[PDB]
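Okay, so here's just one chain, in structure tokens, the form deposited in one PDB entry.
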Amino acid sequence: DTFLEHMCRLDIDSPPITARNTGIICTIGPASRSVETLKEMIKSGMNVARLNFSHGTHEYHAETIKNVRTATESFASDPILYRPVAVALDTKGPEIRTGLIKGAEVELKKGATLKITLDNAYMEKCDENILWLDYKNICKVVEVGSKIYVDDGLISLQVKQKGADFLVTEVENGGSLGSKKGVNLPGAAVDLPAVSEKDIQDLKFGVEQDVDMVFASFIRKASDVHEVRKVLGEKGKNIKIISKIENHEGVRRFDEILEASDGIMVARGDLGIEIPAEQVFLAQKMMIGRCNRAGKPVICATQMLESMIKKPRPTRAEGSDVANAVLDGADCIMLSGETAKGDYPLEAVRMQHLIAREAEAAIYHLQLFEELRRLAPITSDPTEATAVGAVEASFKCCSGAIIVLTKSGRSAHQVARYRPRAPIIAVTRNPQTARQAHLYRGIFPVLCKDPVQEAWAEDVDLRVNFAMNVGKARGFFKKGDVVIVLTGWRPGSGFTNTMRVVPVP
């Protein structure tokens, strides 16, 4: 009855429900792009496949998309067990990079001197003495004493001298320098565009390949989102834009970015360098909160199970990080190198599945529902009122599921905002809405392919019966259990205005 007493009552031997609510996004790479491995990842729990356009050609990514769709459609024979898989495009954005090593990695030692050059005669001759990068205007946005970080901020350089096309720096924090490492300038205002010419081509390619969502990198303000929106244009209007917050400016101007975006990713990787590492959790919990309040999907990302790249078991800190991300209210959790290049992609997915499910059984649901309700504005919207009514009814009868018949996903999205314990089975005939539904916590999208019935009454019963079988087959509920059913009152409607409390036949 209090947060304190709630923690005191948390017990290990209380099994979670079988349904796992928070989405799992997996970065696809060499370790996981084969059709067979992709099949295993789907039944391991992968909901969204992220394609990182920071690397690889369009031919490479087109091939990955095909393999993802091949693996996904191999389960399409049984619509009851079929799990939709979303495809996400992660833009390169204004990245700053090395720089090919001379060719053995070079050792940077503390106190030593290192020069940065823009002369393209050194772009493949990087060593202990000289360094190249692809930022043309780095010598007009940086002053003496500035901090320069390379390779995930594991190496830091302090500028001593400045020139027309070079920089003399001292090795503050030193380590082994590799080729093509990420460069960060935490204090500098960056001249690089939000949507470059390459970004435009990649975004247009995403529309061509019918991707479900776009992860826009290094979004600093609302105008950056608007540019990405305009590039997608009319043809890609239904493609959701998830803004990645990875700079100080992004956190600072989060409100205007969230409003413009369809969702948010907490990009803790770059954010942990642009911003002091010990401030990251503040940024995470803040953004997750405002997203939960706004009812827009939020993704927690990067290094959640980092050590699982080499180990079949995560660390205790990693197990904690995933659980806490869920407890904070994250709609999706993400895996990068763990699934892209690691030695245990399948293990990393299964682990996130296990932890997330255990975490959502620890959610102080009734307090959370109260807080989310006092922030909910009063409107004349029948879907909004029905969603709230459905969630509270699900708490009242300890529902096995909340069945939502939706065309666009809106009714299912608004149910998810109030965080029910029971899984939300969203029945749809729209393949895209089924895939995009994975962005919201608790939504278990199921795809109906039966022809639409003239008599609307039995067209509803057809879809409801389908959701019943899905719940039974996937072990959410059984005969004699109670479920909530949401549907419109007549076809062609843009609203769900009817709630049902029905026993499972």
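A residue's number is simply how far along the shown sequence it sits, counting from 1.
One more form of this protein, deposited with a small molecule bound, exists but is not displayed; see below.
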(message) Just checking whether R83 would be counted as a contact of the small molecule in the entry with it bound - the rule being heavy atoms within 4.5 angstroms.
(response) yes
(message) I'd like to check something about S32: if you look in the entry with it bound, is any of its heavy atoms closer than or equal to 4.5 Å to a heavy atom of the small molecule?
(response) no
(request) Although the small molecule is absent from this view, report whether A49 comes within 4.5 Å of it in the entry with it bound, heavy atoms only. (result) no
(message) Just checking whether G442 would be counted as a contact of the small molecule in the entry with it bound - the rule being heavy atoms within 4.5 angstroms.
(response) yes
(message) Within 4.5 Å, heavy atoms only, one stretch in 59-67, 434-442, 32-40, 465-473 touches the small molecule in the entry with it bound. Which?
(response) 434-442
